[PDB]
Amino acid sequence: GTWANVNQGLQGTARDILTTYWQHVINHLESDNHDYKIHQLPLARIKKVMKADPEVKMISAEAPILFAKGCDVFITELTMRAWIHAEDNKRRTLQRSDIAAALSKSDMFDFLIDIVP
């Protein structure tokens, strides 16, 4: 189903936590009075990442705006998924190995195979 990625590879309580976060995101994304200027990530840097690829010619203002939101969500859910492993190892510090472990739980993250060996 269209939401399978939300819980994919997660166990027990973690499923509820990620599901509830997504619900929160979806509710926000439905809000009627968005400020399309204010984001945690700078639009110009998103555009620059996009423009690093010479195949990309022109870019609608729509695209960095969607990425601004999408990337926020991506960082948040991956961080929440990774924290599970830090807690499992009774650690207070999130390590790279926690991110690698999180990535291994869902094939949605297969695109990062070379980024995080």
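Quick note: we count residues from 1 along the sequence shown, nothing fancier.
Compare the mean C-alpha B-factor of 64-72 with that of 84-92 as given in the PDB entry, and name the stretch with the higher value.
In the deposited entry, the stretch with the higher C-alpha B-factor mean is 84-92.
Quick one: say whether 4-12 or 107-115 has the higher mean Cα B-factor in the deposited entry.
Higher mean C-alpha B-factor in the PDB entry: 4-12.
Ordered by C-alpha B-factor within the chain, which third holds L29? Give me lowest, middle or highest, please.
Its C-alpha B-factor, which the entry lists for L29, ranks in the highest third among residues of this chain.
Is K47 in the lowest, middle or highest third of its chain when residues are ranked by C-alpha B-factor?
As the PDB entry reports it, the C-alpha B-factor of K47 lands in the lowest third of its chain.
Going by the CA temperature factor in the PDB record, which third of the chain does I38 belong to: lowest, middle or highest?
Highest third, going by the recorded CA B-factors of the chain.
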